[PDB]
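Let me begin by presenting the structure, written as structure tokens, before commenting on it.
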Amino acid sequence: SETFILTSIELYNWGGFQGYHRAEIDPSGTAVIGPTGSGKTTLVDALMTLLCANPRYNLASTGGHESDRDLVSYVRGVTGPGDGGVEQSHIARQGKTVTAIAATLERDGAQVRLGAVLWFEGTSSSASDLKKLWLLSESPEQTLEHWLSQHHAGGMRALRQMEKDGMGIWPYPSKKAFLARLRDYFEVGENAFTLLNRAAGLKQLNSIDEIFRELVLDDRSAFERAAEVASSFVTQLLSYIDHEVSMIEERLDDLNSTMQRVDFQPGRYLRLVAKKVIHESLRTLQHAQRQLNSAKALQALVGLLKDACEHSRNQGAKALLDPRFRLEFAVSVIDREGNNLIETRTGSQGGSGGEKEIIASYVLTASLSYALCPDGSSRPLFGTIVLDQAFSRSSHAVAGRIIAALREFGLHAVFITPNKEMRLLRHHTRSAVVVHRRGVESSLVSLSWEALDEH
Amino acid sequence: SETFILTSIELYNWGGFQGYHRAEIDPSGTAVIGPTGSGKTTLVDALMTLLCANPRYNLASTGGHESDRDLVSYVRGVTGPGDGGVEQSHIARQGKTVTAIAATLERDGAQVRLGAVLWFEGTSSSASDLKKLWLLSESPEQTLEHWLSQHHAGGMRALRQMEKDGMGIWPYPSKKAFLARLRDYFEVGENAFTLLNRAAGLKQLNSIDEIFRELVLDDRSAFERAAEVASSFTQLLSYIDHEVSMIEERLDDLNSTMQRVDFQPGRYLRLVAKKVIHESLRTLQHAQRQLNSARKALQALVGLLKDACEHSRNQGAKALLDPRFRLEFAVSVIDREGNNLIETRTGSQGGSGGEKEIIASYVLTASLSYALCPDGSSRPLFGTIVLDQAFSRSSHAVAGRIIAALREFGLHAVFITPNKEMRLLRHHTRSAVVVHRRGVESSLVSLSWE
Amino acid sequence: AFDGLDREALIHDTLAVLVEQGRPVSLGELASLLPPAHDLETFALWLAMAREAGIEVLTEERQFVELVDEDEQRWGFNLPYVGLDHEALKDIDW
DNA sequence: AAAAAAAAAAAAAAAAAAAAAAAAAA
DNA sequence: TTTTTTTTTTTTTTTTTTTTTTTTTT
Ligand SMILES: Nc1ncnc2c1ncn2[C@@H]1O[C@H](COP(=O)(O)OP(=O)(O)OP(O)(O)=S)[C@@H](O)[C@H]1O
Ligand SMILES: Nc1ncnc2c1ncn2[C@@H]1O[C@H](COP(=O)(O)OP(=O)(O)OP(O)(O)=S)[C@@H](O)[C@H]1O
Ligand SMILES: [Mg+2]
Ligand SMILES: [Mg+2]
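Chains as they are written, first to last, in the authors' numbering: chain A, 10 to 242, 856 to 917, 929 to 1088; chain B, 10 to 242, 857 to 918, 929 to 1083; chain C, 404 to 497.
Laid out in structure tokens, this is it:
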């Protein structure tokens, strides 16, 4: 209707995939299956590289505790820890190389394509020798083969020459401007995409306050104005901070109003609350102000402000000048029949193995559905989400609730599992993508369910 | 046929299980199954409490990074974080309570039992108000009901008096003496049971040498003899050499018995240890040669020895006198048909989701087989091992190979699964234990087939 | 690795048999009248239903059931004694 | 094509709190 | 015989320093 959805994704000399490959994705949810160690996570990494400013590769393997891969390894395509010898036999492509990836989104009578080109020039491995160029396309005649053709008969100048004569093409040599243009195009909050990357492999909740203070909410600190006033040689700072707190509370009210419709465990749902706490240096500063009002000693306020500004990474400064650090967050469970608390939780400590997964998935999708366009009203302009190693620890019953909630929130999803589960996916999806490895090469096959059934 | 195998385990007022409960375990291995949030982890925590001096509860849920629950929470039976108010509806038993556990081993006719009784007195909840008493016996006519009746008749005075009024029982009010006696009974190494506790929830490997220096190998450093020699105002090096030769001799046999299993379609593993030389030894040799060629230069040698004995927590001096630190460990993959090295590795960094699990399982089971029999006399006296959330991130063939590896070394194992992978289990297992929970109380049922 | 097990069909067939018989049924007769494709994964579901609906599960006496798989052979199961009926679990959601 | 300023992630160390075991007094 | 006092060990939390990569200017 008015929401873009992923439809296809292509590769060239990326990771273990050599040559040219592609896969098609149905607009009613698909699943990715294949044996252990075949290439399922590589496609996800290739997609994530195009969106966030600093990806976390291979996140789901450790459960959300550590990332263990780098871009150059994918570009040159290593296949293990090697052996140690004269010839580095464990590296696939050595010397001069070239690599290109691209993903395409689609809507009702529209099309947008993203892309990237990366290439070496000599025998080196430093991260500063990997020349890069990002792209954004609107016209239908642009295609990956066209970009490779242009590069092979020129260079950076040849690629940049496309904008002069063509249409609907914008190459950006710096990733920062690329991401700024992207966010402006989709009308999306500043930290939505990093949240999307984080939601792929996170399976715990140490504390929800960190999640709300780092990802969901924006950043409107007041350090600069404080420094300006300090160097001018004041209550307006406090008025500004109070106004920011009020706006934060209104936004949180909006979110918890939205979260009601979806259903938790039967007869129950969730509500989010926040309390106000004042402590630390606020009392000291107020005392100093009231003491100076008696009369000199004007340098006391300047000293306090400068000390707070200098130590910008301490709890005193954060609690003094950052409005989003003047609240405390916790989640609660409400029974539908009437209204009464059943349990209030501030984290996920002490739970069972399967309860942590459902809690984390529910809260993450609830926050993400709001971080997208409906933050500023209207329906989302970018609806899709990726899950990795889905349903690793839960039982049969919990997966149904997860899928039902995901459908109710209004998002399209792709699931990535080994052959562990084959019934629910057949019941709720429409298309499948099969991967396979033979030696050191991997390939993709796309089929619907009926064709595989006929075998 | 001289190995003790787990056969039974009993509970009373533990966790969510209220009142008496029981479960049986087949000599060929079993498999507990049940829905999510049923009580499978509680049953195995009850066993882990009796063995390690400092348990890690609920280890598998977080993947092997943290722990969440504590002992006093189990005894009073907390179910969830609750809410505000004062009634504390989320706590089951309030006021005076009493709890009991047991476990049984059978090898051939001979039988042993392990025990524990814990209770409160009032409405306090501090860890210092929880009385404890540990038991160990090898005679019949001593069951859980007997201990509970004796405790009700009197108090700890009545309990601790059973030793004089009987035969074949030994009460220990201090856990350290209890564990020392237990370790002496089975002739296992010093940290075998801690390793067993760790192996139940570890699905990721970071460095082999950490494990081989912290848990598997015992401590035989020569700090005392060196300090004595320094204060006397060299056989030390020969002693160190002998101790580093013994390790190589054991590793040879371990590799020989690991050779028979196929880690992959045509490949098998092997452990490799290499020798390293630090600068500290060079200085000592130089001092020795200088003293020999001098003929007073004795001050420097004694100063070096005294410095070594002083800061016994720096790798500079620790690597001089601790034989465990003179070696370096790593694994390698070798294929048959013209034996040829193909890949060497020192940790599971950068691997796939399923490769880490199998690597960790192989290394840990090899380490356990080493620890449970320190010398070449063979005949382990303890032969069980448990796994939690077995085969959670792998495919069919990987699970098959893991099970084959476990069966090769000669270990009796039990598996825990959230009602998955039944077809694979049914071939290699001949029992089951089903746990179900309604409301707030849990229950156990038992099966078997042949 | 398709098909596997179908829970809904098994539940419906069990309910139909129970309402048809109109008398309490133990595990042996239920298995005999409706042999399972897989020997396991079936007794577990029935025991789960029995414990959930509240029917007592006696454990002091045993019942023996003999089955033969697809590839011949024999299996003897030492199941406990459970009495299922339609009335107890007629109004419980699943 | 080369030199400078800024930002994000990893590693080591100091401070603090809680629990277990042995010695001493009523 | 029962209670109290002391020491020792283990774990957690916060702060500072270091390194690498990206972007900008000449
Ligand atoms: N940077 C890298 N370093 C080492 N090995 C790599 C790297 N990138 C890919 N591989 C190899 O690629 C294979 C795993 O990649 P993937 O197939 O994407 O992982 P996977 O599909 O997630 O496997 P599962 O299903 O999660 S167990 C293994 O053979 C790895 O050795
Ligand atoms: N200390 C505790 N704090 C909070 N809840 C607890 C605690 N001990 C037990 N419970 C509850 O008791 C239930 C018993 O489940 P567990 O045995 O801990 O996990 P489980 O049965 O293994 O579930 P999974 O998904 O199979 S790991 C838990 O789900 C909690 O709801
Ligand atoms: Mg993966
Ligand atoms: Mg568990």
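By construction, the Cβ of each residue, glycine as well, lies at the ideal position given by its N, Cα and C atoms.
Of all residues in the region 960-979 of chain A, none comes within less than 8 angstroms of chain C when Cβ atoms are compared. Residue-level contact check: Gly-425 of chain C does not touch chain A, since none of the beta carbons of chain A fall below 8 angstroms from its beta carbon. Along the region 947-976 of chain B, the alpha helix (DSSP H) occurs as fully enclosed runs of 4 or more residues at 948-954, listed in sequence order. The beta-carbon separation of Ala-950 of chain B and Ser-1000 of chain B, rounded to 27 angstroms, does not stay under the 8 angstroms limit for a contact. For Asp-1021 of chain A, the enclosing beta strand (DSSP E) starts and ends at 1018-1021.
Note on geometry: alpha-carbon atoms of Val-1066 of chain B and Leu-860 of chain B lie some 56 angstroms from one another. Using a Cβ-Cβ cut-off of 8 angstroms, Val-1078 of chain B is close to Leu-450, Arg-454, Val-460, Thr-462 and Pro-483 of chain C, given in chain order. Residue burial annotation: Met-176 of chain B is exposed, with fewer than 16 other C-beta atoms found within 10 angstroms of its C-beta. In the structure shown, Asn-481 of chain C adopts extended strand secondary structure according to DSSP, grouped into three states. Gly-48 of chain B sits buried, since 16 or more C-beta atoms from the chains shown fall within 10 Å of its C-beta. Contact with chain B is absent for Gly-486 of chain C, since none of that chain's Cβ atoms lies less than 8 angstroms from the residue's Cβ. When secondary structure is reduced to three states using DSSP, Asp-1008 of chain A falls in the helix class. At least one heavy atom of ligand 2 lies closer than 7 angstroms to the C-beta of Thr-50 of chain B. In this structure, the C-beta of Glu-970 of chain B stays at least 7 angstroms away from each heavy atom of ligand 2. Interface residue (Cβ-Cβ distance to chain C less than 8 angstroms): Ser-1081 of chain B is classified as such.
In this structure, the CA atom of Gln-103 of chain B is about 13 angstroms from the CA atom of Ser-135 of chain B. In this structure, the alpha-carbon of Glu-1074 of chain B lies about 6 angstroms from that of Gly-25 of chain B. Not one heavy atom of ligand 4 sits closer than 7 angstroms to the Cβ of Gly-25 of chain B. A residue is called buried when at least 16 other Cβ atoms come within 10 angstroms of its Cβ; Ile-1049 of chain A meets this threshold and is buried. Across the region 37-69 of chain A, CB contacts with chain B closer than 7 angstroms involve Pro-44, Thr-45 and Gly-46, in sequence order along the chain. Contact annotation for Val-1067 of chain B against chain C: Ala-447 and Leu-450 [CB-CB distance below 7 angstroms, chain order].
At a cut-off of 7 angstroms, the beta-carbon of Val-87 of chain B counts as near ligand 2: some heavy atom of the ligand is closer than that. For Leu-433 of chain C, the enclosing alpha helix (DSSP H) stretches over residues 430-436. Nearest CB-CB separation between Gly-407 of chain C and chain A: below the 8 angstroms threshold. Taking the Cα positions, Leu-123 of chain A is about 55 angstroms away from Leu-877 of chain B. Contact of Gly-479 of chain C with chain B is assigned, a C-beta pair being separated by under 8 angstroms. One thing to note: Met-165 of chain B has its Cβ no nearer than 8 angstroms to the Cβ of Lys-184 of chain B. Against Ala-404 of chain C, the close residues of chain A are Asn-1052 and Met-1055, in the order they occur along the chain (beta-carbon pairs closer than 7 angstroms). Remark: the shortest separation between the CB of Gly-986 of chain A and any heavy atom of ligand 2 falls under 7 angstroms. Here the alpha carbons of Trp-179 of chain A and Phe-187 of chain A stand approximately 9 angstroms from one another. With a cutoff of 7 angstroms, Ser-70 of chain B counts as near ligand 4, since its C-beta is closer than that to a heavy atom of the ligand.
Here the C-alpha atom of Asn-206 of chain B lies approximately 11 angstroms from the C-alpha atom of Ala-69 of chain B.
If you draw a straight line from the Cα of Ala-1023 of chain A to the Cα of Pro-1051 of chain A, it comes to about 9 angstroms. From the beta-carbon of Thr-71 of chain A, the residues of chain B found nearer than 8 angstroms are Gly-72 and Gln-213.
Within chain A, the residues placing a beta-carbon under 8 angstroms from that of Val-1031 of chain B are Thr-45, ordered along the chain. The C-beta separation of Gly-1033 of chain A from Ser-1002 of chain A comes to about 20 angstroms, leaving the pair out of contact by the 8 angstroms criterion.
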